[PDB]
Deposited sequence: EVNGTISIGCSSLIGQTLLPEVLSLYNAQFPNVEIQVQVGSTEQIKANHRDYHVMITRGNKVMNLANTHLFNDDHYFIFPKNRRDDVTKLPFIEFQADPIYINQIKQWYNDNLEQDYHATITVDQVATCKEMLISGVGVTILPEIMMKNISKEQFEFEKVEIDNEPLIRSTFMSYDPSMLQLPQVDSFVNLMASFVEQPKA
């Protein structure tokens, strides 16, 4: 049997969408593995990289590690079925937030200004659902947003969708741990789409 412990560090939004699905598969195949999950900012995770066998983060490849591109998110601007409403911003690295800002300016009348800022995308989405304001979300976080209360407009810059990449990172030496080699191979196949 595969066993021991696997310690996973990932972006907060990953811990509420992808990871539970991956862990249903993984625990079904490798039930004697004990699993530890810690969520956080990409910068936190990368900082604590040594507490984790494997990290799942957003942005770019991590330094001095193996990286596996998992997928890309599109983005939607989401609002009540607009420049008079407050915009909710979430914390991420500055290139990304700056694309969102530049888009707000290009496609809307006012200058961009965050009224509410939260650090997690999940919080941001719940702020949206409660009517605190409008926002831009990556598509993987758009489930269960009422299509009767809200309109969804896709974010493109020039004529290119605004996208963000998710990566799995690990020290290739860790694959000597059966339980890590298992998780990494399971994810390789999990992120492939049957209908390519």
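- Residues of the deposited sequence lacking C-alpha coordinates fall in a single stretch, 82-86, numbered from 1.
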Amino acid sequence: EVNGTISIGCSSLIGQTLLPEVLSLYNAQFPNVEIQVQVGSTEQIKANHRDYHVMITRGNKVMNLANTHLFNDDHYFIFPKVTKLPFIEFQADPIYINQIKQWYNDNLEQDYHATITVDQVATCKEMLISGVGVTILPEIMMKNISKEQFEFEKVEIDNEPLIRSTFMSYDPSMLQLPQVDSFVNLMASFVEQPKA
From here on, numbers count along this sequence of modelled residues.
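- Per the PDB record, of the two stretches 135-143 and 163-171, 135-143 carries the greater mean B-factor over its C-alpha atoms.
- Comparing the deposited coordinates for 53-61 and 151-159, the stretch with the larger average C-alpha B-factor is 151-159.
- Set against one another, the Cα B-factors of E89, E126, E109, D74 in the record reach their highest point at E109.
- Annotation for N27: C-alpha temperature factor in the lowest third relative to the rest of the modelled chain, per the entry.
- Ranked by Cα temperature factor within the chain, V118 sits in the middle third according to the deposited record.
- When the CA B factors of the chain's modelled residues are split into thirds, the value for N3 lands in the middle one.
- In this PDB entry, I78 carries a Cα temperature factor that places it within the lowest third of its chain's modelled residues.
- Ranked within its chain, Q36 lands in the lowest third, by CA B factor from the PDB record.
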